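Participant: Pasting a structure below so you can have a look.
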Amino acid sequence: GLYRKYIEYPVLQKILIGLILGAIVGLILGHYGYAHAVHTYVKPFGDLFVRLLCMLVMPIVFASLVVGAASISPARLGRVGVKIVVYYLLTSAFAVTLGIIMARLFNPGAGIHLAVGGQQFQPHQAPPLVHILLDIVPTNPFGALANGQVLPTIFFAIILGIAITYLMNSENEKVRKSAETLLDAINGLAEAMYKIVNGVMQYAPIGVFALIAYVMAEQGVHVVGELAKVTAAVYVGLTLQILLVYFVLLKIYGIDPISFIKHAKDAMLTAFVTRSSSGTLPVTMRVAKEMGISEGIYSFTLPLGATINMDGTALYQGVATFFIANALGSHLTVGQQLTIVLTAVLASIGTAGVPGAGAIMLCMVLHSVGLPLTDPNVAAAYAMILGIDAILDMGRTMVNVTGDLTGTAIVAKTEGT
């Protein structure tokens, strides 16, 4: 009964209450002197969760990127598909850029000088820009899977998926059956890893509690004001994202944003109460029908936009990786911000899980910048963001629905009219 009502509780509320209980118990046991007994007894339960997330982050990238890039490729795209894919990738790039802008205009990380024992996180040296653009393509894909290097894995997985779906319409028979078997095996690997993501994110409140308790027991690092600042940064970034980006796009394409934003306000209210973008898929199909565009174009666009087009998750990734970069002392270069943009855009092309996928994609961005999520400073600054993930997730799901609704509207306009 107790175990069933613990599992039946939602994941994000339990992670937030685990963060709150971790902060309270860590402050109480840090004031009363018992801090080493918190460390040597509670830090394994908060490091096992980081080890499990670092286990899950690498086989998701290859499999989910192969499946997603095989459902994106120009061999399965007409004249609507190329325009909607170009819109989704460019709008995700604008979302990451606006998240980085709202993270540089604010300062969410400055204030928490994070250190585990006493030592500051020493950053690596950054290569030049041409070395990054030449390091995107791997010299060996298996040796880029066995190491870290999320961006060569992303590039090789996109290339492999597009080559498989080019082979899928070949005139042979054994070639087509072999390509179909390979794509079915890789899709089975991705669907097998999503269940382990569900299990690890069900374990997640104990790990977040066990990490936040140790961090509060070390110092009184004053994290409540900085987490309120990064929450305000995410909300102001999402509101300005909706307003500026979508109003500029609708004013370019001539369609009036007032009645569109009324119908989209109904859809946003539904998607903001239910906090799920896949749940309002008949709701946003109803709104797209009430705009009166074409039945085939929204019945083709809205599942693709619900499983691939993620704007609020990308903006959350930008602001979160910039908060983790500033809460440790390591500034980011221009190549690191281009790496953020590329990894967030190309990792929001295949990844769609019901829980946890934002946390795994933030792990991808962190391991692709250089913060490897094995030092306890990166794990602490990531656990605080994973705690705030609920009150970021509501607004980011609302922007995730607004993005594909705006894309459906403007692509149907330029295609029909």
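FYI, nothing fancy with the structure tokens labels: chains A, B, ... in order, residues from 1 per chain, ligands from 1 as they appear.
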Find the spatial neighbours of residue 166 in chain A, counting only C-alpha atoms, within a cut-off of 10 Å - ignore same-chain residues fewer than 3 positions away - and output them as a count of residues only.
Facilitator: 13
Participant: I'd like the neighbourhood of residue 401 in chain A as a ChimeraX atom specification, where a residue qualifies if any of its atoms comes within 12 Å (using only C-alpha atoms), though same-chain residues fewer than 3 positions away should be ignored.
Facilitator: /A:242,264-272,274-285,287-288,302-313,394-398,404-408
Participant: What is the CA of residue 95 in chain A to CA of residue 378 in chain A distance in Å?
Facilitator: 23.7 Å
Participant: Counting only C-alpha atoms, which residue out of A:330, A:239, A:348, A:368 sits closest to residue 98 in chain A?
Facilitator: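 Once distances to residue 98 in chain A are computed over only C-alpha atoms, the minimum belongs to A:239.
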Participant: Identify which of the residues A:42, A:130, A:191, A:207 lies closest to residue 18 in chain A, counting only C-alpha atoms when measuring atom-to-atom distances.
Facilitator: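 Checking each of A:42, A:130, A:191, A:207 against residue 18 in chain A, counting only C-alpha atoms, the winner is A:207.
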Participant: Name the residues in contact with range 337-346 of chain A at a cut-off of 6 Å, using only C-alpha atoms, excluding same-chain residues fewer than 3 positions from it; report them as a ChimeraX atom specification.
Facilitator: /A:92,96,334,349,365
Participant: Would you write out those residues with C-alpha atoms, as a PDB file, in the first residue's frame?
Facilitator:
```pdb
ATOM      1  CA  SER A  92      14.889  25.444 -31.310  1.00  0.00           C
ATOM      2  CA  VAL A  96      18.590  28.117 -26.972  1.00  0.00           C
ATOM      3  CA  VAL A 334      32.034  31.283 -27.616  1.00  0.00           C
ATOM      4  CA  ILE A 349      15.392  15.905 -32.582  1.00  0.00           C
ATOM      5  CA  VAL A 365      24.578  19.203 -22.840  1.00  0.00           C
TER       6      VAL A 365
END
```
Participant: Write out as a ChimeraX atom specification which residues come within 12 Å of residue 107 in chain A when counting only C-alpha atoms, dropping same-chain ones fewer than 2 positions away.
Facilitator: /A:100-105,109-112,225-234,319-320,322-327
Participant: Please, could you write that set of residues out with N, CA and C atoms as a compact mmCIF listing (two decimals), in the first residue's frame?
Facilitator:
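This is the output file part-v2.txt:
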```
# COMPACT_ATOMS: atom_id res chain seq x y z
N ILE A 100 20.28 31.58 -23.56
CA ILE A 100 21.63 32.04 -23.24
C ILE A 100 21.65 33.55 -23.03
N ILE A 101 20.84 34.28 -23.79
CA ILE A 101 20.73 35.73 -23.63
C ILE A 101 20.12 36.08 -22.27
N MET A 102 19.03 35.39 -21.90
CA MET A 102 18.41 35.64 -20.60
C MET A 102 19.22 35.09 -19.44
N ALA A 103 20.18 34.20 -19.69
CA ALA A 103 21.09 33.77 -18.65
C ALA A 103 22.28 34.69 -18.49
N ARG A 104 22.68 35.38 -19.57
CA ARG A 104 23.74 36.37 -19.45
C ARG A 104 23.22 37.70 -18.92
N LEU A 105 21.95 38.02 -19.18
CA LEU A 105 21.38 39.25 -18.64
C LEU A 105 21.10 39.11 -17.15
N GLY A 109 24.04 31.90 -11.24
CA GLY A 109 25.04 31.08 -10.59
C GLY A 109 25.95 31.82 -9.63
N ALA A 110 26.14 33.12 -9.86
CA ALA A 110 27.01 33.92 -9.01
C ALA A 110 26.39 34.10 -7.64
N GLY A 111 27.07 33.60 -6.61
CA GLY A 111 26.55 33.65 -5.26
C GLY A 111 26.78 32.34 -4.53
N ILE A 112 26.83 31.25 -5.29
CA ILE A 112 27.11 29.93 -4.72
C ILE A 112 28.50 29.50 -5.15
N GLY A 225 17.66 31.84 -2.82
CA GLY A 225 17.58 33.04 -3.62
C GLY A 225 18.07 32.84 -5.04
N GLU A 226 19.11 32.02 -5.21
CA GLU A 226 19.62 31.75 -6.55
C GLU A 226 18.68 30.84 -7.34
N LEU A 227 18.01 29.90 -6.67
CA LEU A 227 17.03 29.08 -7.38
C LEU A 227 15.79 29.89 -7.73
N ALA A 228 15.40 30.84 -6.88
CA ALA A 228 14.33 31.76 -7.26
C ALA A 228 14.74 32.65 -8.42
N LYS A 229 16.02 33.04 -8.48
CA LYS A 229 16.50 33.85 -9.59
C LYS A 229 16.53 33.07 -10.89
N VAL A 230 16.93 31.79 -10.85
CA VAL A 230 16.95 31.02 -12.09
C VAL A 230 15.54 30.64 -12.52
N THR A 231 14.60 30.51 -11.57
CA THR A 231 13.20 30.29 -11.94
C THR A 231 12.61 31.53 -12.60
N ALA A 232 12.93 32.72 -12.06
CA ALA A 232 12.50 33.96 -12.69
C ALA A 232 13.13 34.15 -14.06
N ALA A 233 14.39 33.72 -14.21
CA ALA A 233 15.07 33.80 -15.50
C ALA A 233 14.41 32.90 -16.53
N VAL A 234 14.04 31.68 -16.13
CA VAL A 234 13.38 30.75 -17.05
C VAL A 234 12.00 31.26 -17.45
N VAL A 319 19.50 27.86 -20.03
CA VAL A 319 19.59 28.57 -18.75
C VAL A 319 20.17 27.67 -17.66
N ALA A 320 19.87 26.37 -17.69
CA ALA A 320 20.37 25.47 -16.66
C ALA A 320 21.86 25.20 -16.82
N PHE A 322 23.94 27.24 -18.16
CA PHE A 322 24.65 28.46 -17.83
C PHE A 322 24.66 28.71 -16.33
N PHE A 323 23.61 28.28 -15.62
CA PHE A 323 23.61 28.35 -14.16
C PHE A 323 24.64 27.41 -13.55
N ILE A 324 24.75 26.19 -14.10
CA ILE A 324 25.76 25.25 -13.60
C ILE A 324 27.16 25.74 -13.95
N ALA A 325 27.32 26.45 -15.07
CA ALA A 325 28.63 27.01 -15.39
C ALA A 325 28.99 28.17 -14.48
N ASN A 326 28.02 29.01 -14.12
CA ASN A 326 28.33 30.16 -13.26
C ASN A 326 28.37 29.82 -11.78
N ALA A 327 27.74 28.73 -11.35
CA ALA A 327 27.76 28.36 -9.94
C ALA A 327 28.99 27.57 -9.55
```
Participant: Range 241-354 of chain A: which residues are alpha helix (DSSP H) by DSSP, as a PyMOL selection string?
Facilitator: chain A and resi 247-252+257-274+281-291+295-307+312-326+334-347
Participant: One decimal, Å: what's the distance from CA of residue 360 in chain A over to CA of residue 106 in chain A, could you say?
Facilitator: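 Value for the CA of residue 360 in chain A-CA of residue 106 in chain A distance: 24.7 Å.
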Participant: Counting only C-alpha atoms, give me one row per residue of range 16-70 of chain A with an atom at most 10 Å from an atom of range 145-151 of chain A, showing the shortest contact pair and its distance in Å to one decimal, sorted by chain then residue number, as JSON lines.
Facilitator:
```
{"residue": "A:57", "atom": "CA", "partner": "A:150", "partner_atom": "CA", "distance": 9.2}
{"residue": "A:58", "atom": "CA", "partner": "A:150", "partner_atom": "CA", "distance": 7.6}
{"residue": "A:59", "atom": "CA", "partner": "A:145", "partner_atom": "CA", "distance": 8.6}
{"residue": "A:61", "atom": "CA", "partner": "A:150", "partner_atom": "CA", "distance": 7.4}
{"residue": "A:62", "atom": "CA", "partner": "A:145", "partner_atom": "CA", "distance": 8.4}
```
Participant: Quick one: of A:193, A:81, A:113, A:45, who's nearest to residue 357 in chain A, counting only C-alpha atoms?
Facilitator: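 Counting only C-alpha atoms, the residue closest to residue 357 in chain A is A:193.
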Participant: Find the residue from A:332, A:55, A:20, A:82 that sits nearest to residue 363 in chain A; use only C-alpha atoms when measuring.
Facilitator: A:55
Participant: I'd like the interatomic distance between CA of residue 260 in chain A and CA of residue 291 in chain A, to a tenth of an Å.
Facilitator: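 For CA of residue 260 in chain A relative to CA of residue 291 in chain A, the distance reads 7.7 Å.
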Participant: I need the residue nearest residue 14 in chain A from this list: A:201, A:359, A:370, A:379. Use only C-alpha atoms for the distance.
Facilitator: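 Of A:201, A:359, A:370, A:379, the one nearest residue 14 in chain A, counting only C-alpha atoms, is A:201.
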Participant: From the set A:7, A:134, A:221, A:210, which residue has the shortest atom-to-atom contact distance to residue 49 in chain A, counting only C-alpha atoms?
Facilitator: A:210
Participant: Applying 9 Å and only C-alpha atoms, which residues near residue 253 in chain A remain after dropping the ones on its own chain fewer than 3 positions away? List them as a list in words.
Facilitator: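 The residues that qualify are residues 248, 249, 250, 256, 410, 413 and 414 of chain A.
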Participant: Let me see the file: selected residues, C-alpha atoms, as an mmCIF file, in the first residue's frame.
Facilitator:
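Writing the result to selection-v3.cif gives the following:
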```cif
data_model
loop_
_atom_site.group_PDB
_atom_site.id
_atom_site.type_symbol
_atom_site.label_atom_id
_atom_site.label_comp_id
_atom_site.auth_asym_id
_atom_site.auth_seq_id
_atom_site.Cartn_x
_atom_site.Cartn_y
_atom_site.Cartn_z
ATOM 1 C CA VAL A 248 7.715 38.421 -35.089
ATOM 2 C CA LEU A 249 7.175 35.217 -37.103
ATOM 3 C CA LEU A 250 3.405 35.753 -37.392
ATOM 4 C CA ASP A 256 -2.881 38.224 -37.188
ATOM 5 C CA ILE A 410 2.260 29.386 -40.446
ATOM 6 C CA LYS A 413 -0.767 29.398 -44.306
ATOM 7 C CA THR A 414 2.227 29.439 -46.659
#
```
